[PDB]
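Quick heads-up: the C-alpha coordinates below are two forms of one chain, split into structure 1 and structure 2.
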Structure 1
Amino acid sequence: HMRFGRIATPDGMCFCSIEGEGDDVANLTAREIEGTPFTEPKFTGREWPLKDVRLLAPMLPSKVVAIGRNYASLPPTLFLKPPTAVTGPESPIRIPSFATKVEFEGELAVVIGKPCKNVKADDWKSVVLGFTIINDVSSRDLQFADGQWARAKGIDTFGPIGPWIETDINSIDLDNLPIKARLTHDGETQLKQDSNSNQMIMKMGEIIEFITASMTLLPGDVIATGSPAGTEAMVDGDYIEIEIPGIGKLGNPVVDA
(Lines of atoms letter the chains of each structure in order from A and count residues from 1; the text may use other names and numbers.)
(Lines give C-alpha, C1' and ligand atoms only; values in the text may rest on other atoms or scores of the structure.)
Protein backbone atom coordinates (compact mmCIF):
# COMPACT_ATOMS: atom_id res chain seq x y z
CA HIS A 1 0.00 0.00 0.00
CA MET A 2 0.74 3.78 -0.42
CA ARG A 3 2.66 6.61 1.19
CA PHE A 4 0.52 9.65 2.13
CA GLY A 5 1.70 13.17 2.78
CA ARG A 6 0.43 16.71 2.95
CA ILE A 7 1.97 19.63 1.09
CA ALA A 8 1.71 23.42 0.79
CA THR A 9 0.23 24.54 -2.52
CA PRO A 10 -0.56 27.91 -3.96
CA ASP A 11 -4.25 27.36 -3.12
CA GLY A 12 -3.37 26.37 0.40
CA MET A 13 -2.58 22.71 0.89
CA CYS A 14 -3.44 19.19 -0.07
CA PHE A 15 -2.85 15.54 0.71
CA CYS A 16 -0.75 13.55 -1.76
CA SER A 17 0.69 10.18 -2.59
CA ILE A 18 4.42 9.92 -2.51
CA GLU A 19 5.60 7.69 -5.37
CA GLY A 20 8.95 6.49 -6.60
CA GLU A 21 11.98 4.61 -5.33
CA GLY A 22 14.14 5.65 -2.35
CA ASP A 23 13.38 7.38 0.92
CA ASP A 24 15.44 9.97 -0.97
CA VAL A 25 13.30 12.98 -1.79
CA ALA A 26 15.39 13.39 -5.01
CA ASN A 27 13.74 10.30 -6.56
CA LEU A 28 10.21 10.98 -5.38
CA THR A 29 7.03 12.48 -6.79
CA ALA A 30 4.24 14.10 -4.85
CA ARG A 31 0.99 13.55 -6.69
CA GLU A 32 -1.96 15.63 -5.51
CA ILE A 33 -5.12 13.79 -4.41
CA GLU A 34 -8.57 14.83 -3.67
CA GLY A 35 -9.78 13.56 -0.44
CA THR A 36 -7.77 12.28 2.47
CA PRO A 37 -5.76 9.21 3.27
CA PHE A 38 -8.85 7.67 4.69
CA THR A 39 -10.72 7.27 1.39
CA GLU A 40 -10.19 5.97 -2.11
CA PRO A 41 -7.71 8.11 -3.86
CA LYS A 42 -8.16 10.09 -6.96
CA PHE A 43 -5.61 12.24 -8.46
CA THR A 44 -6.09 15.72 -9.80
CA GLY A 45 -3.01 15.44 -12.06
CA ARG A 46 -0.90 18.12 -10.42
CA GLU A 47 2.36 16.31 -9.53
CA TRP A 48 5.65 17.80 -8.28
CA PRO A 49 9.23 16.67 -7.77
CA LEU A 50 9.35 16.23 -4.03
CA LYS A 51 12.45 18.46 -3.71
CA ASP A 52 10.32 21.40 -4.97
CA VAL A 53 7.49 21.27 -2.68
CA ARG A 54 7.09 22.00 1.10
CA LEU A 55 5.87 18.88 3.01
CA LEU A 56 3.66 19.50 6.05
CA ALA A 57 2.74 17.27 9.06
CA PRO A 58 1.01 14.28 7.43
CA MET A 59 -1.83 14.38 9.89
CA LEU A 60 -3.23 16.89 12.43
CA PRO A 61 -4.11 14.40 15.32
CA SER A 62 -6.87 15.01 17.88
CA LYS A 63 -4.24 13.86 20.38
CA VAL A 64 -0.73 12.36 20.60
CA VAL A 65 -0.34 9.58 23.11
CA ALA A 66 3.34 8.86 23.91
CA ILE A 67 5.04 6.08 25.90
CA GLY A 68 7.84 6.97 28.39
CA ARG A 69 10.42 4.43 29.67
CA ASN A 70 9.69 1.95 26.88
CA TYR A 71 13.34 1.46 25.79
CA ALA A 72 15.87 -1.06 27.16
CA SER A 73 13.83 0.92 37.10
CA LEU A 74 10.19 2.08 36.58
CA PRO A 75 7.66 0.44 34.12
CA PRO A 76 6.59 2.06 30.79
CA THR A 77 4.14 4.96 31.24
CA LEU A 78 1.71 6.93 29.11
CA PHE A 79 1.69 10.66 28.58
CA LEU A 80 0.11 13.14 26.20
CA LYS A 81 1.41 15.84 23.87
CA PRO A 82 -1.14 18.48 22.78
CA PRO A 83 -2.20 18.83 19.08
CA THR A 84 -0.62 22.31 19.19
CA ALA A 85 2.80 20.76 19.64
CA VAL A 86 2.59 19.09 16.20
CA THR A 87 4.60 20.50 13.32
CA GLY A 88 5.99 19.19 9.99
CA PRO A 89 9.30 18.58 8.14
CA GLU A 90 11.60 21.65 7.98
CA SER A 91 9.35 23.67 10.31
CA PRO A 92 11.33 25.29 13.08
CA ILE A 93 11.52 23.78 16.58
CA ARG A 94 11.03 27.04 18.41
CA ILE A 95 12.57 26.99 21.90
CA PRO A 96 11.22 29.44 24.45
CA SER A 97 13.83 31.20 26.62
CA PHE A 98 12.59 29.47 29.75
CA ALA A 99 12.90 25.99 28.21
CA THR A 100 16.48 24.67 28.68
CA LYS A 101 18.41 21.46 28.06
CA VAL A 102 16.10 20.68 25.14
CA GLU A 103 16.70 17.24 23.67
CA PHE A 104 15.32 15.33 20.69
CA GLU A 105 13.95 11.84 20.68
CA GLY A 106 13.47 9.89 17.46
CA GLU A 107 10.50 7.54 17.73
CA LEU A 108 8.45 5.28 15.53
CA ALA A 109 5.03 6.84 15.37
CA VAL A 110 1.80 5.05 14.65
CA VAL A 111 -1.30 6.71 13.04
CA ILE A 112 -4.62 5.32 14.09
CA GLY A 113 -6.91 4.35 11.15
CA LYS A 114 -10.28 3.90 12.76
CA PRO A 115 -12.05 4.66 16.07
CA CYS A 116 -11.17 2.05 18.59
CA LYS A 117 -11.45 1.14 22.27
CA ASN A 118 -10.25 -1.95 24.22
CA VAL A 119 -8.24 -3.38 21.25
CA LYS A 120 -6.62 -6.79 22.01
CA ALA A 121 -2.87 -6.94 21.37
CA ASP A 122 -2.77 -9.28 18.41
CA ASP A 123 -5.60 -7.31 16.73
CA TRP A 124 -3.49 -4.13 16.53
CA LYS A 125 -2.89 -4.07 12.79
CA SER A 126 -6.64 -3.66 12.18
CA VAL A 127 -6.66 -0.12 13.74
CA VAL A 128 -3.51 1.33 12.26
CA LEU A 129 -3.44 3.49 9.14
CA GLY A 130 0.38 3.47 9.02
CA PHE A 131 3.68 4.53 10.44
CA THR A 132 5.45 7.76 10.52
CA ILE A 133 8.32 9.44 12.51
CA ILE A 134 7.88 11.75 15.50
CA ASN A 135 10.58 13.77 17.18
CA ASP A 136 9.42 13.87 20.87
CA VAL A 137 11.22 17.11 21.70
CA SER A 138 11.65 17.75 25.45
CA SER A 139 13.08 20.35 27.79
CA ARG A 140 14.78 18.06 30.33
CA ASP A 141 15.05 20.96 32.79
CA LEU A 142 11.27 21.61 32.68
CA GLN A 143 10.60 17.86 32.75
CA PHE A 144 12.55 17.75 36.02
CA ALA A 145 11.18 20.94 37.58
CA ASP A 146 7.52 20.16 36.79
CA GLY A 147 7.45 16.41 37.58
CA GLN A 148 4.58 15.97 35.04
CA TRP A 149 6.19 15.99 31.55
CA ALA A 150 3.26 17.71 29.86
CA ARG A 151 4.73 21.21 29.64
CA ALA A 152 8.31 20.16 28.76
CA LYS A 153 7.07 17.98 25.87
CA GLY A 154 3.97 20.06 24.88
CA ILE A 155 5.47 23.43 24.00
CA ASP A 156 4.37 24.55 20.53
CA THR A 157 6.55 22.90 17.80
CA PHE A 158 7.94 20.16 20.18
CA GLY A 159 6.24 17.44 18.13
CA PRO A 160 7.57 17.35 14.54
CA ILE A 161 5.84 14.55 12.65
CA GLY A 162 6.59 13.17 9.18
CA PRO A 163 7.67 13.05 6.57
CA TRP A 164 4.72 10.96 5.40
CA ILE A 165 2.67 7.99 6.41
CA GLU A 166 3.76 4.51 5.33
CA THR A 167 0.60 2.41 5.00
CA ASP A 168 2.48 -0.71 3.93
CA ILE A 169 2.96 -1.89 7.48
CA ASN A 170 4.34 -5.29 6.55
CA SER A 171 7.26 -3.57 4.81
CA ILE A 172 8.38 -2.52 8.30
CA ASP A 173 10.08 -5.24 10.36
CA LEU A 174 9.62 -4.35 14.04
CA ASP A 175 12.10 -6.95 15.25
CA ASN A 176 14.84 -5.02 13.53
CA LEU A 177 14.09 -1.38 12.71
CA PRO A 178 16.86 1.09 13.19
CA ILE A 179 15.96 4.54 14.53
CA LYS A 180 18.65 7.11 14.03
CA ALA A 181 19.09 10.74 14.80
CA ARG A 182 21.72 13.00 13.36
CA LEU A 183 22.39 16.31 15.01
CA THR A 184 24.18 19.19 13.23
CA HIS A 185 25.83 21.65 15.59
CA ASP A 186 28.51 24.27 14.66
CA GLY A 187 28.43 22.98 11.09
CA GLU A 188 29.20 19.33 11.96
CA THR A 189 26.87 16.31 11.95
CA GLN A 190 27.07 13.29 14.29
CA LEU A 191 24.91 10.21 14.93
CA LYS A 192 23.50 11.03 18.45
CA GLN A 193 20.85 8.41 18.63
CA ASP A 194 21.19 4.90 17.45
CA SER A 195 18.43 2.69 18.61
CA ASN A 196 16.19 -0.04 17.38
CA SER A 197 12.54 -1.03 17.77
CA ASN A 198 13.77 -4.40 19.10
CA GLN A 199 14.66 -2.47 22.27
CA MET A 200 10.99 -1.69 22.96
CA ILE A 201 9.84 -3.08 26.28
CA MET A 202 6.14 -2.97 25.39
CA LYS A 203 5.82 -4.19 21.84
CA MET A 204 3.41 -2.62 19.31
CA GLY A 205 0.43 -4.76 20.25
CA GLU A 206 0.88 -4.34 23.91
CA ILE A 207 1.10 -0.57 23.50
CA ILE A 208 -2.11 -0.34 21.57
CA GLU A 209 -3.86 -2.63 23.99
CA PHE A 210 -2.47 -0.66 26.91
CA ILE A 211 -3.58 2.68 25.60
CA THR A 212 -7.01 1.63 24.34
CA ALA A 213 -7.90 0.00 27.60
CA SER A 214 -8.01 3.52 29.02
CA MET A 215 -8.84 5.81 26.18
CA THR A 216 -10.63 5.78 22.90
CA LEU A 217 -8.37 6.46 19.94
CA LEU A 218 -9.67 8.25 16.81
CA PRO A 219 -8.56 8.20 13.18
CA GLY A 220 -5.50 10.41 12.77
CA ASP A 221 -4.43 10.04 16.47
CA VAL A 222 -0.65 9.57 16.73
CA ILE A 223 1.07 7.08 19.14
CA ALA A 224 4.78 7.79 19.87
CA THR A 225 6.16 4.43 20.77
CA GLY A 226 9.27 5.58 22.60
CA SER A 227 13.00 6.07 22.67
CA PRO A 228 16.01 6.08 24.99
CA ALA A 229 15.31 8.58 27.73
CA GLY A 230 18.23 10.92 27.41
CA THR A 231 19.90 12.09 24.28
CA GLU A 232 21.69 15.33 23.64
CA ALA A 233 20.87 18.96 23.87
CA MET A 234 19.97 21.21 20.91
CA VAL A 235 20.37 24.96 20.48
CA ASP A 236 19.52 27.82 18.14
CA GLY A 237 21.17 27.14 14.74
CA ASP A 238 21.23 23.31 15.11
CA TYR A 239 19.55 20.89 12.74
CA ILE A 240 18.08 17.60 13.85
CA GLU A 241 17.21 14.77 11.57
CA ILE A 242 15.55 11.52 12.42
CA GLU A 243 15.78 8.61 10.11
CA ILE A 244 13.91 5.36 10.15
CA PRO A 245 14.93 3.35 7.12
CA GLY A 246 11.87 2.19 5.19
CA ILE A 247 9.99 5.40 6.19
CA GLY A 248 12.39 8.21 5.54
CA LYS A 249 13.82 11.27 7.25
CA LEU A 250 12.28 13.93 9.46
CA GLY A 251 14.54 16.98 9.68
CA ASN A 252 14.03 20.28 11.53
CA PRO A 253 16.04 23.37 12.19
CA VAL A 254 16.21 24.60 15.75
CA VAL A 255 15.70 28.22 16.61
CA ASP A 256 15.18 30.43 19.63
CA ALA A 257 11.47 31.35 19.85
Structure 2
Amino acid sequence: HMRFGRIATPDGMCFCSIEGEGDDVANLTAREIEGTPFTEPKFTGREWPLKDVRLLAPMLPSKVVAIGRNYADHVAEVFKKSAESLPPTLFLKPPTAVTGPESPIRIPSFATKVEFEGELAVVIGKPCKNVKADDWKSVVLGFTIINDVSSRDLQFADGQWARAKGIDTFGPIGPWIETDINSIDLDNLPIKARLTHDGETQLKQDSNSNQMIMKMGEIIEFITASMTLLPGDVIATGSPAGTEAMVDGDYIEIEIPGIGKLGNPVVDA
Protein backbone atom coordinates (compact mmCIF):
# COMPACT_ATOMS: atom_id res chain seq x y z
CA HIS A 1 0.00 0.00 0.00
CA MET A 2 3.01 2.18 -0.11
CA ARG A 3 4.13 4.88 -2.53
CA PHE A 4 7.26 3.73 -4.41
CA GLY A 5 9.89 6.03 -5.89
CA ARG A 6 13.41 6.15 -7.19
CA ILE A 7 16.03 8.47 -5.84
CA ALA A 8 19.56 9.53 -6.39
CA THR A 9 21.88 10.16 -3.55
CA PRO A 10 25.21 11.81 -2.94
CA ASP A 11 25.88 8.13 -3.04
CA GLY A 12 23.85 6.15 -5.62
CA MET A 13 20.34 5.25 -6.80
CA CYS A 14 17.62 3.23 -5.34
CA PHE A 15 14.04 2.31 -5.10
CA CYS A 16 12.31 3.58 -2.01
CA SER A 17 9.03 4.01 -0.34
CA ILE A 18 7.88 7.57 0.24
CA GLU A 19 6.40 8.36 3.59
CA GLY A 20 5.01 11.49 5.04
CA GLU A 21 1.93 13.56 4.87
CA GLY A 22 0.10 14.45 1.77
CA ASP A 23 2.70 15.61 -0.69
CA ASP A 24 5.22 18.27 0.18
CA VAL A 25 8.82 17.05 0.02
CA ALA A 26 9.93 19.17 2.85
CA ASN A 27 7.48 16.95 4.77
CA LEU A 28 8.61 13.75 3.13
CA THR A 29 10.87 10.86 3.92
CA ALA A 30 12.35 8.31 1.54
CA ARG A 31 12.99 4.83 2.98
CA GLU A 32 15.33 2.68 1.01
CA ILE A 33 14.06 -0.69 -0.13
CA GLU A 34 16.36 -3.63 -0.84
CA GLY A 35 15.29 -4.82 -4.26
CA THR A 36 12.48 -3.65 -6.63
CA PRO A 37 8.87 -2.81 -6.09
CA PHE A 38 7.86 -6.10 -7.61
CA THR A 39 8.07 -8.17 -4.37
CA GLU A 40 7.07 -7.47 -0.70
CA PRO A 41 9.36 -4.71 0.47
CA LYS A 42 12.71 -5.39 2.04
CA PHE A 43 13.56 -2.14 3.83
CA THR A 44 17.20 -1.48 4.61
CA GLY A 45 16.65 0.81 7.57
CA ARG A 46 18.19 3.67 5.70
CA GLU A 47 16.18 6.86 5.16
CA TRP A 48 16.74 10.38 3.97
CA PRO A 49 14.26 13.18 4.09
CA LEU A 50 13.12 13.86 0.57
CA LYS A 51 14.42 17.35 0.40
CA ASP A 52 17.86 16.00 0.95
CA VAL A 53 17.89 13.91 -2.21
CA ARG A 54 16.57 13.97 -5.73
CA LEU A 55 13.43 12.22 -6.87
CA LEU A 56 13.76 10.42 -10.18
CA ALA A 57 11.30 8.77 -12.55
CA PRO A 58 9.92 5.94 -10.43
CA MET A 59 10.58 3.31 -13.01
CA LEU A 60 12.63 2.59 -16.08
CA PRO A 61 9.94 1.04 -18.25
CA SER A 62 10.82 -1.40 -21.00
CA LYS A 63 8.17 0.49 -22.95
CA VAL A 64 5.58 3.19 -22.76
CA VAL A 65 2.27 2.24 -24.37
CA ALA A 66 -0.12 5.07 -24.86
CA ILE A 67 -3.73 5.54 -25.73
CA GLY A 68 -4.27 8.52 -28.01
CA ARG A 69 -7.59 10.31 -28.44
CA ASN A 70 -9.17 8.95 -25.27
CA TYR A 71 -10.89 12.14 -24.24
CA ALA A 72 -13.58 13.48 -26.64
CA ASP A 73 -13.00 17.18 -26.00
CA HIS A 74 -9.28 16.77 -26.38
CA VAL A 75 -9.85 15.29 -29.80
CA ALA A 76 -11.95 18.32 -30.58
CA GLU A 77 -9.40 20.87 -29.48
CA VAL A 78 -6.39 19.18 -31.15
CA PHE A 79 -7.78 17.85 -34.42
CA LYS A 80 -10.73 20.18 -34.79
CA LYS A 81 -12.99 17.20 -35.38
CA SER A 82 -15.55 15.45 -33.31
CA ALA A 83 -14.35 12.34 -31.61
CA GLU A 84 -16.65 9.98 -33.47
CA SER A 85 -14.45 10.15 -36.59
CA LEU A 86 -11.17 9.73 -34.67
CA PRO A 87 -11.31 6.83 -32.24
CA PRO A 88 -8.74 6.05 -29.55
CA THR A 89 -5.59 4.54 -30.91
CA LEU A 90 -2.46 2.90 -29.53
CA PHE A 91 0.99 4.39 -29.81
CA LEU A 92 4.41 4.10 -28.19
CA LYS A 93 6.83 6.45 -26.48
CA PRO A 94 10.47 5.34 -26.26
CA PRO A 95 12.08 4.80 -22.87
CA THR A 96 14.50 7.57 -23.74
CA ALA A 97 11.61 10.07 -23.61
CA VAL A 98 11.16 9.34 -19.93
CA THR A 99 12.30 11.86 -17.37
CA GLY A 100 11.53 12.53 -13.70
CA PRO A 101 10.08 15.24 -11.44
CA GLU A 102 11.66 18.70 -11.76
CA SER A 103 13.67 17.61 -14.76
CA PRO A 104 13.65 19.90 -17.71
CA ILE A 105 11.57 19.39 -20.72
CA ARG A 106 14.23 20.14 -23.41
CA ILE A 107 12.64 21.37 -26.65
CA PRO A 108 14.72 21.20 -29.81
CA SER A 109 14.44 24.02 -32.26
CA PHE A 110 12.74 21.92 -34.91
CA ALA A 111 9.97 20.93 -32.46
CA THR A 112 7.21 23.56 -32.53
CA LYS A 113 3.79 23.97 -30.95
CA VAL A 114 4.82 21.71 -28.06
CA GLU A 115 2.02 21.05 -25.67
CA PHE A 116 1.78 19.36 -22.30
CA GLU A 117 -0.64 16.50 -21.76
CA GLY A 118 -1.36 15.44 -18.22
CA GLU A 119 -2.44 11.87 -18.03
CA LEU A 120 -3.22 9.10 -15.61
CA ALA A 121 -0.63 6.34 -15.96
CA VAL A 122 -0.72 2.72 -14.83
CA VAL A 123 2.40 0.77 -13.94
CA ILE A 124 2.32 -2.91 -14.75
CA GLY A 125 3.27 -5.31 -11.93
CA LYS A 126 3.47 -8.67 -13.63
CA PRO A 127 3.96 -10.25 -17.06
CA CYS A 128 0.64 -10.31 -18.82
CA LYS A 129 -0.97 -11.19 -22.11
CA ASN A 130 -4.59 -11.54 -23.24
CA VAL A 131 -5.96 -9.95 -20.08
CA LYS A 132 -9.72 -9.76 -19.74
CA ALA A 133 -11.16 -6.36 -19.11
CA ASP A 134 -12.82 -7.20 -15.79
CA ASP A 135 -9.58 -8.72 -14.48
CA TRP A 136 -7.56 -5.58 -15.08
CA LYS A 137 -6.50 -4.81 -11.53
CA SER A 138 -4.72 -8.11 -11.29
CA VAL A 139 -1.87 -6.79 -13.47
CA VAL A 140 -1.39 -3.34 -11.99
CA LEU A 141 1.29 -2.45 -9.53
CA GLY A 142 0.18 1.13 -9.13
CA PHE A 143 -0.78 4.53 -10.57
CA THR A 144 1.37 7.46 -11.41
CA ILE A 145 1.25 10.57 -13.61
CA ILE A 146 2.65 11.12 -17.03
CA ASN A 147 3.04 14.27 -19.12
CA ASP A 148 2.66 13.09 -22.72
CA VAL A 149 4.64 16.05 -24.20
CA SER A 150 3.77 16.48 -27.91
CA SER A 151 4.91 18.67 -30.80
CA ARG A 152 1.69 19.42 -32.60
CA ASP A 153 3.52 20.66 -35.67
CA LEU A 154 5.58 17.44 -35.89
CA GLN A 155 2.48 15.31 -35.30
CA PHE A 156 0.81 16.81 -38.27
CA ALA A 157 3.79 16.89 -40.57
CA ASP A 158 5.05 13.39 -39.75
CA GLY A 159 1.78 11.49 -39.76
CA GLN A 160 3.15 8.94 -37.35
CA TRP A 161 3.27 10.66 -33.99
CA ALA A 162 6.33 8.75 -32.81
CA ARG A 163 8.91 11.47 -33.29
CA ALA A 164 6.56 14.17 -32.08
CA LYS A 165 5.96 12.41 -28.81
CA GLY A 166 9.30 10.61 -28.50
CA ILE A 167 11.98 13.29 -28.32
CA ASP A 168 14.27 13.03 -25.24
CA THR A 169 12.55 14.35 -22.11
CA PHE A 170 9.05 14.37 -23.75
CA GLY A 171 7.77 11.92 -21.10
CA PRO A 172 8.00 13.12 -17.52
CA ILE A 173 6.69 10.44 -15.11
CA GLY A 174 6.11 10.64 -11.42
CA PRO A 175 6.27 11.67 -8.85
CA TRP A 176 5.92 8.17 -7.38
CA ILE A 177 3.84 5.12 -7.77
CA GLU A 178 0.71 4.94 -5.67
CA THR A 179 0.08 1.28 -4.98
CA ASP A 180 -3.08 1.75 -2.92
CA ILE A 181 -5.18 1.19 -6.01
CA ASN A 182 -8.42 1.08 -4.27
CA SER A 183 -7.94 4.55 -2.91
CA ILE A 184 -8.33 5.73 -6.52
CA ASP A 185 -11.72 5.73 -8.11
CA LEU A 186 -11.59 5.75 -11.86
CA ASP A 187 -15.21 6.80 -12.06
CA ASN A 188 -14.27 9.87 -10.06
CA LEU A 189 -10.72 11.05 -10.36
CA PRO A 190 -9.75 14.57 -11.23
CA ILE A 191 -6.95 15.33 -13.59
CA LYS A 192 -5.54 18.88 -13.55
CA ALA A 193 -2.71 20.87 -15.07
CA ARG A 194 -1.31 24.24 -14.17
CA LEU A 195 0.97 26.19 -16.49
CA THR A 196 3.20 28.91 -15.22
CA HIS A 197 3.98 31.38 -17.95
CA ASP A 198 5.68 34.69 -17.58
CA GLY A 199 5.56 34.39 -13.82
CA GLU A 200 1.91 33.68 -13.69
CA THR A 201 0.14 30.41 -13.01
CA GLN A 202 -3.11 29.29 -14.63
CA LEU A 203 -5.30 26.25 -14.54
CA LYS A 204 -5.32 24.61 -17.97
CA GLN A 205 -6.73 21.08 -17.73
CA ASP A 206 -9.40 20.47 -15.15
CA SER A 207 -11.19 17.26 -15.96
CA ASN A 208 -11.77 13.73 -14.63
CA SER A 209 -10.86 10.18 -15.65
CA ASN A 210 -14.56 9.51 -15.82
CA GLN A 211 -14.43 11.19 -19.23
CA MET A 212 -12.29 8.40 -20.74
CA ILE A 213 -13.72 6.93 -23.90
CA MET A 214 -11.87 3.68 -23.44
CA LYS A 215 -12.08 2.66 -19.83
CA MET A 216 -9.22 1.09 -17.82
CA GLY A 217 -10.23 -2.52 -18.28
CA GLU A 218 -10.86 -2.03 -21.92
CA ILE A 219 -7.43 -0.40 -22.37
CA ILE A 220 -5.56 -3.27 -20.73
CA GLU A 221 -7.51 -5.88 -22.70
CA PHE A 222 -6.96 -3.95 -25.96
CA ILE A 223 -3.21 -3.59 -25.41
CA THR A 224 -2.51 -7.14 -24.14
CA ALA A 225 -4.44 -8.71 -26.98
CA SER A 226 -1.56 -7.46 -29.14
CA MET A 227 1.45 -7.13 -26.90
CA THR A 228 2.87 -8.67 -23.81
CA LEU A 229 3.33 -6.23 -20.99
CA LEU A 230 6.14 -6.54 -18.44
CA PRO A 231 6.69 -5.42 -14.89
CA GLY A 232 7.55 -1.81 -15.00
CA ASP A 233 5.81 -0.99 -18.29
CA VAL A 234 3.77 2.21 -18.32
CA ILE A 235 0.38 2.79 -19.87
CA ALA A 236 -0.63 6.38 -20.57
CA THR A 237 -4.43 6.46 -20.51
CA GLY A 238 -4.96 9.70 -22.41
CA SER A 239 -5.16 13.42 -21.98
CA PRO A 240 -8.21 15.58 -21.13
CA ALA A 241 -8.87 18.86 -22.94
CA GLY A 242 -7.18 22.10 -22.08
CA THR A 243 -3.69 21.58 -23.40
CA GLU A 244 -1.60 24.31 -24.89
CA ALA A 245 1.79 25.25 -26.12
CA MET A 246 4.82 25.80 -23.94
CA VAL A 247 7.97 27.80 -24.29
CA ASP A 248 11.40 28.21 -22.68
CA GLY A 249 10.94 29.45 -19.13
CA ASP A 250 7.54 27.96 -18.52
CA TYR A 251 6.71 25.46 -15.77
CA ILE A 252 4.07 22.81 -16.09
CA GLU A 253 2.48 20.96 -13.23
CA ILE A 254 0.14 18.05 -13.54
CA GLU A 255 -2.02 17.16 -10.52
CA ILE A 256 -3.94 14.03 -9.77
CA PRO A 257 -5.41 14.02 -6.27
CA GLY A 258 -4.69 10.76 -4.57
CA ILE A 259 -1.34 10.49 -6.37
CA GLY A 260 0.30 13.86 -6.21
CA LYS A 261 1.94 16.40 -8.46
CA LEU A 262 4.27 16.16 -11.43
CA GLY A 263 6.20 19.31 -12.20
CA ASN A 264 8.80 20.26 -14.76
CA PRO A 265 10.55 23.35 -16.05
CA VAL A 266 10.68 23.90 -19.78
CA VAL A 267 13.77 24.96 -21.68
CA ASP A 268 15.18 25.17 -25.18
CA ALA A 269 17.67 22.39 -25.81
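Rigid core (definition): largest C-alpha set, two forms, superposition within 1.5 Å. Structure 1 provides the reference sequence; residues are numbered from 1 along it.
When the two forms are superposed on their rigid core between structure 1 and structure 2, the C-alpha shift of 2 Å or more among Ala229, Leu60, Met215, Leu218 belongs solely to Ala229. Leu191: CA moves less than 2 Å between structure 1 and structure 2 after rigid-core fitting. Relative to the superposed core, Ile244 shifts its CA atom by less than 2 Å between structure 1 and structure 2. Once both forms are fitted on their core, the CA shift for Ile18 between structure 1 and structure 2 remains under 2 Å.
Taking the core as the reference frame, the CA atom of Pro41 shifts 1.6 angstrom between structure 1 and structure 2.
In the core-aligned comparison between structure 1 and structure 2, the Cα atom of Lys51 sits 2.7 Å away from its counterpart.
Once the two forms are overlaid on the core, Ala145 shows a Cα shift of 0.4 Å between structure 1 and structure 2.
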